[PDB]
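What follows is a set of notes on a single structure, which appears directly below.
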Amino acid sequence: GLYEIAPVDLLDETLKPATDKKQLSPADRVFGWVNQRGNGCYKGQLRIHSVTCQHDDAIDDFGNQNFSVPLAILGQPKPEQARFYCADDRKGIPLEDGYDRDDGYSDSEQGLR
RNA sequence: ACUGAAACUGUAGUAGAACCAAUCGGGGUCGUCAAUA
């Protein structure tokens, strides 16, 4: 079954991605913006460039170019685990412990973590 | 009731000036799944 409320309704309109040039937040101004739900874009005021590795033997190959380490499983994030991803208010407090699972994503006055 | 003749619609003139194919984005990461009896 479904939680009562969609996560987009638990995030404030002042925190959603910007949709107007008049509502560009600090990081939208510094790093730039393109409107995903309309017209509008801004070139970033910050540019990263000239990334130079200073060390030459910087890459560990673990003995041979044909060796590899198998990494631990990197699973998909599962926001449906409300106790981890839902907040008990808009200021980002965790859900209270002990409550029924139905109590995540339940109230408009709840929030995202 | 005696055809005029002969005469290059040519000569000069740059389809061009201006305009960034561009703006935003870490190749990233964890909780189950399934519905009967």
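Throughout, protein chains are lettered first and strands after them, A, B, ... in sequence-line order, and every chain is numbered starting at 1. Just so it is clear, the values below take in all heavy atoms, side chains as well, and ignore hydrogens, waters and symmetry mates.
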Within residues 92-100 of chain A, those residues having any heavy atom closer than 4.0 Å to RNA chain B are none
In residues 11-22 of chain A, which residues come under 4.0 Å of RNA chain B by heavy atom?
none
Only counting residues at least two apart or in another chain, list the ones meeting side chain to side chain donor-acceptor pair (under 3.5 Å) with [X].
{"X": "A:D88", "answer": "none"}
{"X": "A:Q76", "answer": "none"}
{"X": "A:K43", "answer": "none"}

Checking the side chain of A:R113 only, and the main-chain atoms of A:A82 only, is there a donor and an acceptor separated by less than 3.5 Å?
no
Which residues satisfy the salt bridge (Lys or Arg N to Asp or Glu O under 4.0 Å) test with [X], sequence neighbours excluded?
{"X": "A:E109", "result": "none"}
{"X": "A:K22", "result": "none"}
{"X": "A:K16", "result": "A:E13"}

Polar atom pairs (N or O), protein with nucleotides 35-37 of chain B, under 3.5 Å:
none

Considering only the P atoms, how many Å lie between B:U9 and B:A5, rounded to the nearest integer?
16 Å
Under 3.5 Å between N/O atoms: give me all the protein pairs with nucleotides 22-24 of chain B, atom names plus distance.
unit_1 : atom_1 : unit_2 : atom_2 : d
B:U23  : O2'    : A:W33  : O      : 3.4
B:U23  : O2'    : A:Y42  : O      : 2.8
B:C24  : OP1    : A:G44  : N      : 2.7
B:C24  : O2     : A:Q36  : NE2    : 3.4

Runs of at least three Watson-Crick or G-U pairs with RNA chain B, cut-off 3.5 Å:
none
Tell me yes or no: between the side chains of A:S25 and A:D28, is some donor less than 3.5 Å from an acceptor?
yes
Can you confirm whether more than 12 heavy atoms, excluding those of A:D102, are under 6.0 Å from its CG atom?
no
Does the protein touch nucleotides 28-33 of chain B at the base, only the backbone, or not at all? Give it as B, S and - per nucleotide, heavy atoms under 4.0 Å.
BBBSS-
Could you please spell out the steps behind the side-chain hydrogen bond (donor to acceptor under 3.5 Å, both in side chains) verdict for A:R101 and A:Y3?
CA-CA 9 Å; A:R101 188 160 180 157; A:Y3 298 99; 3.1 Å; yes
